[PDB]
Protein chains: 2
Amino acid sequence: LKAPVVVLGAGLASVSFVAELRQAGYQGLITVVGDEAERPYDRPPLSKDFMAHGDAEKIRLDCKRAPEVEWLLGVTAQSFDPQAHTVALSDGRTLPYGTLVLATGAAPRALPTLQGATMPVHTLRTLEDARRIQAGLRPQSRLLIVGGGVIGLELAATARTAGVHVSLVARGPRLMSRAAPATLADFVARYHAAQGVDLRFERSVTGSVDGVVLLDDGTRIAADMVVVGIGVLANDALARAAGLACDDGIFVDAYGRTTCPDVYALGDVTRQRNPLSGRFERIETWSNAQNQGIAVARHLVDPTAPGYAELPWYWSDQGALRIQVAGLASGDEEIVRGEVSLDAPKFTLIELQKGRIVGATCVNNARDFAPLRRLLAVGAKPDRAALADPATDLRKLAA
Amino acid sequence: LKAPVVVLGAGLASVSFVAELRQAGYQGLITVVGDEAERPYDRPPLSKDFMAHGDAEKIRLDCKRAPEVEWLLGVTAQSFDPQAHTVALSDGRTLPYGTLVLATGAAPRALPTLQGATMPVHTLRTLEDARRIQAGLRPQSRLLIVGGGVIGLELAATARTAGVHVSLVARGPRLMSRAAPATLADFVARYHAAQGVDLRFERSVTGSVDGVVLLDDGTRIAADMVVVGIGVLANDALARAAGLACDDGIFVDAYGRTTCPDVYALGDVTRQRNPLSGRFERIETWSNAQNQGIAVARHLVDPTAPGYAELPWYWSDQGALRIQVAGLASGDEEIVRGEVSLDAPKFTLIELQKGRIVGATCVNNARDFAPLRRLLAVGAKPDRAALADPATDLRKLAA
Ligand SMILES: Cc1cc2nc3c(=O)[nH]c(=O)nc-3n(C[C@H](O)[C@H](O)[C@H](O)COP(=O)(O)OP(=O)(O)OC[C@H]3O[C@@H](n4cnc5c(N)ncnc54)[C@H](O)[C@@H]3O)c2cc1C
Ligand SMILES: Cc1cc2nc3c(=O)[nH]c(=O)nc-3n(C[C@H](O)[C@H](O)[C@H](O)COP(=O)(O)OP(=O)(O)OC[C@H]3O[C@@H](n4cnc5c(N)ncnc54)[C@H](O)[C@@H]3O)c2cc1C
């Protein structure tokens, strides 16, 4: 940890990192470069309460635990010179660094077939996106969502609640194909269909003509607006130009180190080891952004601290469904606690592999999620009869 | 480049690296730790001329361009401490380093279903392997090869030439599924079948009982020996224990840097960027081992030198077929020069993507391979009619 510290990106990973540096005792310079001209803010409400109620001051991140930080907002880092230890800024200035931290996140993938579209086509990543989408969302408007991931599904629910007609097109046979058990994905499709969402599976957008979208089955969908939610690409251009190892994401170890000396990376921009699968993955969760940022900062200030070691997990609020998912989506067995029903959904899934818990899902059952994450952390092998038995208290079992 | 240099592994990548360091002007200490008790040697003849003629002194690597290097042969590096800058050796000694280079290659994957086998089951990676296989290869013996990659196919040809009966089982629908155009793979299967190889596609080994192997179709194959050739796994255990980013291979950039300061890696043990596909891959070719080793050494001694930048290519000698393959296995078009026939095989394949050459194959046509690799290097977009026209001289076109 050499002063001064420069962080590129001012999202959740960056804020969490700089707050931890200060909390851990580092008092040297910290400068954060953020290309969006916005007080740092959290993204999950953009698909939900913000989309619905429109108050950005309710979604700002608290920078109080990060005192004495200069935030250069509305400024883009254009390049860095890892030999000179400098960063070049879009406003003409240069910053020196002892330690450089890349926390530039990821940007939505565009749909090549809609490139020359002449109807409103947005992605949903920023406050500016959400404001723009919000302003086109009249009741009885027709919204088409492309992609079956959680963001599109979160927006789908918010739109329906407002009285918007929603169609959703996904190229695969199921929703949430990334990091969700099949049982959950099937149920989530059932729920949204019952709420009026017109689901089209195994279809792709082939193009569009004057307010209508075309599909690979040769059919059409007309809509007042398309929101594309087909995943994101790491914002790793600076790393790539400077010679760091990247592949849709900057490779880092558990200390956040890149292959370039004195340059670290964290958050959505990184490809990192998933301790459960043992494979490198770009882990794009809110918990990762915060916890990896904290872990990397902690180890920078105190090198005796361990590397980042958390197992991955996320939540997704989709209307009446409060979904929580931890670990791997499947193993050699799934245990289902409770009934899987649209009549007051509440259930828990437990994925095991050779008797060890490797994943868990709670739907409207937050009480069980915390003890399951603890059991998951230690690779617990509880009695599967007890795990199934609804009499069993998961909290107590977690001892 | 801080002295002293320690290299772990004494295979082709290591030898090529240390020879380049010396050639480039570095005169400080170099110590190489090699777990095999063998004068450093080249592996390709093990499936061919060595298997057939048995003279290991014809396959030693020339260490002459690497003067003043201490080679610790028959010694295993057990761990390294990247803070202390030391390596712990199996013989009880410790080596200090300024710069550590991991060139530990890869080891054959074992077949879990043959774990408790009670018939001879070998892999083919080392001189010791080849000697052992050689000694069980009587004419009219029955050899079963598991896996359809090039090493097994090279051995298949060598065995047939000696009068051994050969069966080969591959779990997929084709041979050489890794980095070979389908047209080549189909032809290679045709050739080996015509030479007497009993090919079984889309079958897996489920186990074995008293001299007989069992398959997932419920059938049996009896053999005097099984040689397993189902791919390799990076020897990255030391890197993993020391906290480097690894995933069946140590991630490096074009300078050979790992995520750990003063530790580099090269050769079969690395996952690196393929400039043609733009993705990270473990590139397990002879040309990579030598050329990546040379590039990393060159840049260590002279930091103004460029990073490793070669496009991947390999050859495979399979009996009457002298196969050479460069670049990607497919694009949006394949041009075929010459006829694809078992009657004196000679042909060239050219893979293009948006008019640019992205890959090439020559079978018994080495004359065309060198100009194709040059065209491939610069992303040439030659007239496809000329590329097809056999009147065309590829060498001259390469201007
Ligand atoms: C609509 C929406 C809904 C979500 N809901 C959920 C959810 O239900 N659950 C969940 O787990 N997660 C959800 N997420 C939240 C999410 O996971 C976090 O926002 C994210 O993981 C934070 O990662 P980050 O800080 O690394 O990246 P980012 O938030 O993307 O921050 C990176 C910042 O760096 C900026 N930047 C990039 N390049 C440069 C440069 N050269 N110079 C300066 N600045 C640059 C970027 O523009 C960006 O502002 C949702 C996200 C969105 C968009
Ligand atoms: C049978 C066979 C046929 C082949 N034919 C072809 C071919 O037709 N074309 C082609 O392109 N390639 C072929 N290859 C050749 C090949 O590609 C090269 O051998 C390989 O790519 C060299 O890479 P390397 O130097 O990085 O690794 P290696 O050759 O594996 O060298 C690594 C060495 O490090 C040692 N080591 C590992 N861990 C430790 C430790 N902790 N301490 C000390 N030492 C350690 C290993 O045991 C090994 O000796 C063939 C290989 C084989 C085995």
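Residues numbered from 1 in each chain as written, not as in the entry; some residues may be left out. Chains lettered and ligands numbered in written order. Heavy atoms only, no water. Residues with missing side-chain atoms left out of burial classes, pairs and counts.

The PDB entry annotates chain A as Biphenyl dioxygenase ferredoxin reductase subunit of Acidovorax.

Participant: Just to check I follow, could you spell out the packing of helix α1 (residues 12–24) of chain A against helix α7 (residues 286–301) of chain A for this structure?
Facilitator: Pairs of packed helices are described in terms of their axes, by the angle between the two and the distance that separates them. Residue and element names in this part refer to chain A. Between α1 and α7, the least distance of the axes is 8 Å, while the angle of their chain directions is 30°. The orientation of α1 relative to α7 falls into the category roughly parallel. In this structure, α1 meets α7 at a crossing whose hand is right-handed. Only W286, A289, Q290, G293, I294, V296, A297, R298, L300 and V301 of α7 make contact with α1, whose side of the interface consists of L12, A13, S16, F17, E20, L21 and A24. The residue inventory of the contact of α1 with α7, partitioned by class, reads twelve nonpolar, three polar and two charged. (Axes fitted to C-alpha atoms, helices over the stretch in contact; angles between N-to-C directions. Helix = DSSP H or I, 4+ residues; strand = E, 2+ residues; numbered from the N terminus. Parallel < 35°, antiparallel > 145°, perpendicular 65-115°, else oblique. Left-handed = near helix turned anticlockwise from the far one by under 90°. Contact = heavy atoms within 4.5 Å. Nonpolar A, V, L, I, M, F, W, Y, C, P; charged D, E, K, R; others polar.)

Participant: Teacher, can you tell me more about the relation of the copies chain A and chain B here?
Facilitator: Applying a rotation about an axis and a shift along it to one chain copy brings it onto the other copy. Relative to chain B, chain A is turned by 180° and slid 0.0 Å along the rotation axis, the superposed coordinates differing by an RMSD of 0.0 Å. The superposition of one copy onto the other is thereby described by a two-fold rotation axis. If distances are taken from each C-alpha of chain A to the rotation axis, the shortest is found for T259(A), at 2.1 Å. A shared binding surface is used by both copies, with 100% of the interface residues of chain A retained as interface residues in chain B. (Least-squares fit on C-alpha atoms.)

Participant: Honestly, the sheet that holds strand β25 (residues 347–353) of chain B in this entry has me stumped. Any pointers?
Facilitator: In a beta sheet, neighbouring strands pair by backbone hydrogen bonds and run either parallel or antiparallel. Residue and element names in this part refer to chain B. On the basis of which strands lie adjacent, the open sheet formed by five strands has the order β22-β23-β26-β25-β24 and antiparallel pairing. In the strand order of this sheet, the two ends are held by β22 (313–318) and β24 (333–337), each with one partner. For this sheet the average axis-to-axis angle between neighbouring strands, irrespective of direction, equals 15°. Bridge count between β25 and strand β26 (residues 356–363): seven bridges; the pairing is antiparallel. Residue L352 lies in a different strand from β26, and its bridge partner there is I357. Against the sheet, helix α8 (residues 366–377) engages β22, β23 (321–327), β24, β25 and β26, with an angle of about 165° to β26. (Pairing = 2+ DSSP bridges.)

Participant: I keep staring at helix α3 (residues 127–134) of chain B and nothing clicks. Help me out?
Facilitator: All names here are of chain B. Taken residue by residue, α3 has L127, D129, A130 and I133 as its buried positions. For α3, the angular spread of buried residues about the axis comes to 155°, placing them on one side. Away from the buried face of α3 by more than 90 degrees, exposed residues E128 and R132 are located. Buried positions along α3 lie against α2 (49–53), β9 (121–123) and β16 (225–228). (Buried < 20%, exposed > 50% of the residue type's maximum accessible area, 1.4 Å probe, protein only. Arc of directions from axis to C-beta.)

Participant: Can you help me understand the site of ligand 1 in this one?
Facilitator: All names here are of chain A. Close contacts around ligand 1 come from 33 residues, with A13, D35, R43, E154 and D268 the closest. Within the side chain of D35, one N or O atom sits 2.6 Å away from an oxygen atom of ligand 1. Take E154: an N or O atom from its side chain is 2.7 Å from an oxygen atom of ligand 1. Out of a free accessible area of 1000 Å², ligand 1 has 93% covered by protein chains. (Near = heavy atom within 4 Å. Polar contact = N/O pair within 3.5 Å; in protein donor to acceptor, adjacent residues only side chain to side chain. Areas by Shrake-Rupley, 256 points an atom, 1.4 Å probe, with all protein chains shown as cover.)

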